[PDB]
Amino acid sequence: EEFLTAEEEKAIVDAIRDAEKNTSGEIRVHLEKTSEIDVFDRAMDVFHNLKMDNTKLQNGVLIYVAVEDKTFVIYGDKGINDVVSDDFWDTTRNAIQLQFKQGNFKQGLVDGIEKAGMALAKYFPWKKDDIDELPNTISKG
């Protein structure tokens, strides 16, 4: 609950809104204290439980963070995985890690969100009648 201040949370939600003007992809952040040994499986469960599969193009992506460990997973839906190459999320991960290793938690998420919108834009361009399919709220567990 104290992971982020209200001002930091506002900056993150504003970064999602800006990223979603560059792509039809949908982005959410989920924060929790501790993860499971298989972090990918935990992020997949959270993605499901947040109903992030409810996008026309199956292009939702969850940035899952385990705050006590400062570890994270970028989990994209099937629409993304069917078209992108193996290095797709590298710039997003690097942008988050660069800031997390310096203790800049808010900035890591903002920078990752911005990078993710630009990466998704390559395969999922924003369209005039875009729908905001998933809430931009930070999910807390």
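In this text, residue numbers run from 1 along the sequence as written.
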On mean Cα temperature factor in this entry, is 16 to 24 or 123 to 131 the higher one?
123 to 131
Out of 110 to 118 and 62 to 70, which one has CA B-factors that are higher on average in the deposited record?
62 to 70
I'd like to know which of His30, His48, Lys33, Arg42 has the highest C-alpha temperature factor in the PDB entry.
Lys33
Could you place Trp89 in the lowest, middle or highest third of its chain by Cα temperature factor, using the values in the record?
middle
Consider only the C-alpha atoms of the modelled residues in this chain, order them by B-factor as the entry records it, and name the third containing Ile80: lowest, middle or highest.
middle
